[PDB]
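According to PDB author numbering, the residues represented by the sequence shown are -2 to 166, 170 to 349, in order.
The block underneath contains the structure these notes are about, expressed in structure tokens.
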Amino acid sequence: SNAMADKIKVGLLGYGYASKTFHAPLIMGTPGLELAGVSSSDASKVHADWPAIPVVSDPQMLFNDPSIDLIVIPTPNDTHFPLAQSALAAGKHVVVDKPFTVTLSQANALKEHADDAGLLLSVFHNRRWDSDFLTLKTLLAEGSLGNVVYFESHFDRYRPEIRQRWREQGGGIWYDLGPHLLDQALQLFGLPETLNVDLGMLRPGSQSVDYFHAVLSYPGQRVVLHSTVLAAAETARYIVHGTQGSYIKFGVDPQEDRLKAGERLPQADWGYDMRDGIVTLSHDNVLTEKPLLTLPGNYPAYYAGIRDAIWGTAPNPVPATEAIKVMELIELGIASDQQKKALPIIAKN
Ligand SMILES: [Cl-]
């Protein structure tokens, strides 16, 4: 179908931080997609941003609307499955935010129910479109670092004050940030042989996990995923070592802040990351170095991808299949931490 002359009507569920910050602005900015309606308690909270405000007070009404094609579910973690089921039952396509589901049993159920009903089911791993990650994918594809042997990925922050993330996730940031990092690691290197996770609470007053250090092990490779809320000094986002060179990048992707600030698509300079990383290469037993041009972040690619998948033009940007694998590693991290062991990944096709 045409993204010029045809529209996929979308139903958004609730107006939480996610709907407000990501889903609304991004669906709105995507040609071919039309945000038909949003279910919410306080429409006034919505209209302040997006009137027309075809607001409804109950998600089941959107499910009812027969013209609606797609349903996005960024509500509280525990509602995902119910709402998701209801949605697939109503014969509607579904995008679920993270965490996918409270249970693997649930996730797979949706994967099946959605597959039998010929509907599209996808999860919002938007960070596959972070400026740094895109740039990196391209660097590896070109092979200048040689054979990659080490990958280090951090989201280190400094918030010593205990008032940020209500409520809890036991959580804590492993549930909140793990999925993003794990998914990237899988996308770049596939499945590891073992996962070893060390969860922590280093901040006095923390109620949930506020620290995690994960090691994913591969034949001749190591991947280190790390986060913390007690890092006053800025640390590298990525550190990548190959047999021929290295790549170190600082900063985070800049889209989230600009969306928070209320910016609407399109922007001449959407996603520009002016904080370039640096490549170091060994040419003739000499180490040279230069900055690597950072590709702009591109979250919109997700919904444009969803659009195109609905119309059957292209592959689901993020299959449930892949979300479920990340979810499995999230649980395996918990187990690994409980046993203080590097646990093996199992049960592959
Ligand atoms: Cl080894």
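Yeah, the Cβ is synthetic: ideal placement off N, Cα and C, and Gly gets one too.
- For residue 258, the uninterrupted alpha helix (DSSP H) segment begins and ends at 255 to 260.
- Per DSSP, the continuous beta strand (DSSP E) segment holding residue 222 begins and ends at 221 to 228.
- Under the DSSP assignment, residue 214 falls in the beta strand (DSSP E) whose first and last residues are 211 to 218.
- Per the DSSP secondary-structure output, residue 247 pairs in a beta bridge with 240, 279.
- Take residue 221, set aside five residues on each side of it, and the residues of its chain with a beta-carbon closer than 6 Å to its own are 146, in chain order.
- Judged by their CB atoms, residue 195 and residue 177 are not nearer to each other than the 7 Å cut-off.
- When DSSP states are grouped into helix, strand and coil, residue 286 belongs to the coil group.
- The three-state reading of DSSP puts residue 34 in strand, counting E and B together.
- Cβ-Cβ separation between residue 64 and residue 36: approximately 16 Å, too far for a contact (criterion under 8 Å).
- At a cut-off of 6 Å, the beta-carbon of residue 242 does not count as near ligand 1: no heavy atom of the ligand is closer than that.
- In the same chain as residue 50, and ignoring 5 residues on each side of it, the C-beta atoms closer than 8 Å to its own belong to 35, 40, 43, 44, in chain order.
- By the C-beta criterion, the stretch 239 to 253 is judged not to be in contact with the stretch 197 to 210, since fewer than 3 inter-stretch pairs fall below 8 Å.
- The set of residues with CB atoms less than 7 Å from any heavy atom of ligand 1 reads, in chain order, 219, 220.
- Scanning 212, 124, 123 for the CA closest to the CA of residue 154 turns up 212.
- When the beta-carbon positions are compared, residue 333 and residue 197 come within less than 7 Å of each other.
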